[PDB]
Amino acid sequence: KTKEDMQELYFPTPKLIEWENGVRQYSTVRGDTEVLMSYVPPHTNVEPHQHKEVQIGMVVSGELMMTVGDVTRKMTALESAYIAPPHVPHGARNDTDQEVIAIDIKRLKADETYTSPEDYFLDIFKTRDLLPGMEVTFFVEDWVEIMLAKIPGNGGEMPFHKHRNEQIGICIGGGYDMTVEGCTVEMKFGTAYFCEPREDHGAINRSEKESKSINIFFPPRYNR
């Protein structure tokens, strides 16, 4: 209805969560899904836990030793992702001298079955550009597609559209305008958006440089 009301739906205001061990997170929520961007300090353990929600994790900057179930893997920035199905224990250590920036999606929606690869970690692959100039890379599982998109500056654009797939995402680069229904927000590093099925959305990068985004489809839209 109103601007504020749409903004709070589609571009929820984040809360900052701080842990005793020094991890800070920015949490944004719409209904069945939470996006959490975490800053994990050098040489820090993230204690293992487990929960009924599924969790998808990816590193955006730095390098993170991640453990899902009994699989431990080194996660490289923008080249790694895993799914921890409901109740599978997971934890991590930033074993480096550098901060780690990560994103987690935590989700529990009716009528979704949360499969994962047998060893949890997904394999990235390129495809042809989504639109010319807009390079994308994906991880895909039966119920979720993760699309990393580089939107060029100087008017790189995703035309305004809708689809039945739910689509949630986060700017992980400089910035661009994103619009959902009646609300346009200037995306910054970390800004999350949530589109329910059929809500119209599009984006335009008017800055002078490319911006990156992680865009996640429930269920897959491109690699079905």
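Residue numbers here begin at 1 and follow the sequence given.
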152-160 set against 177-185, stretch whose average Cα temperature factor tops the other in the entry: 177-185
Which wins on mean Cα temperature factor, 140-148 or 127-135? 127-135
Tell me, please, which of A77, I83, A92, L108 has the highest C-alpha B factor according to the deposited entry? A77
Per the coordinate record, which of the options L9, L16, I216, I204 holds the highest CA temperature factor? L9
CA B-factor placement of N45, once the chain's modelled residues are sorted into thirds: highest
B-factor third for the C-alpha atom of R30 within its chain: lowest
Split the chain's modelled residues into thirds by Cα B-factor; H51 lands in the middle
Ranked C-alpha temperature factor of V68 among modelled chain residues, by third: lowest
Going by the recorded CA B-factors, say which third of the chain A192 sits in, lowest, middle or highest. lowest
